[PDB]
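Only one structure is covered here, and it is reproduced in the block below.
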Amino acid sequence: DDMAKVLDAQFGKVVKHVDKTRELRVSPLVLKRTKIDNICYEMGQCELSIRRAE
RNA sequence: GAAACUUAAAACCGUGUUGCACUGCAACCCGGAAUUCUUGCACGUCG
């Protein structure tokens, strides 16, 4: 609910976010998922690793 | 003895370069030190 007041300070005349985020307890209201005709997964995920190489 | 100017007239003048030769010159770095650097997701929102 902290994320909804700041999103309604720049938007809000299109879609009311304050009343909708306390009915299904989600913020934001969508999920950026994609498709390559095979598997539906997200947009922008990565797998991270590191090593201390000289 | 008392009485009658060794006087009159006459330029110390005429001619003549304080002139001739001579570098205010020779040698000398406006030079030595100094990062156009510090912070910043081409991103958020979907009847």
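If you're wondering about the labels, chains in the structure tokens are A, B, ... by order shown, residues count from 1 in each chain, ligands from 1 in order shown.
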Secondary structure check, helix (DSSP H, G or I) residues of chain A, as a short mmCIF file (atom, residue, chain, number, x, y, z; two decimals) with N, CA and C atoms, in the first residue's frame:
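Saved as out-v9.cif:
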data_model
loop_
_atom_site.label_atom_id
_atom_site.label_comp_id
_atom_site.auth_asym_id
_atom_site.auth_seq_id
_atom_site.Cartn_x
_atom_site.Cartn_y
_atom_site.Cartn_z
N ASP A 2 2.13 1.16 0.37
CA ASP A 2 3.04 2.28 0.23
C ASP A 2 3.36 2.57 -1.23
N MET A 3 3.32 1.55 -2.09
CA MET A 3 3.63 1.74 -3.50
C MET A 3 2.48 2.38 -4.26
N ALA A 4 1.27 2.36 -3.70
CA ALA A 4 0.11 2.82 -4.45
C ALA A 4 -0.09 4.33 -4.35
N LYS A 5 0.30 4.94 -3.24
CA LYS A 5 0.13 6.39 -3.09
C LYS A 5 1.10 7.15 -3.99
N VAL A 6 2.32 6.64 -4.15
CA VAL A 6 3.28 7.28 -5.04
C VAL A 6 2.94 7.05 -6.51
N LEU A 7 2.31 5.92 -6.84
CA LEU A 7 1.86 5.69 -8.20
C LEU A 7 0.59 6.48 -8.53
#
Interface rows for chain B against chain A: nearest pair, Å to one decimal, 10 Å, only C-alpha atoms (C1' of nucleotides), as CSV:
residue,atom,partner,partner_atom,distance
B:44,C1',A:7,CA,9.4
B:45,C1',A:11,CA,7.2
B:46,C1',A:30,CA,8.1
B:47,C1',A:15,CA,8.4
**Interatomic distance, atom CA of residue 42 of chain A to atom CA of residue 9 of chain A (Å, one decimal)** =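 These atoms are spaced 27.1 Å apart.
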**Item:** Every residue of segment 11-54 of chain A that DSSP places in strand (DSSP E or B), as a VMD selection string
**Value:** chain A and resid 33 to 35 40 to 42
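Going from atom CA of residue 32 of chain A over to atom CA of residue 45 of chain A, you cover 10.7 Å.
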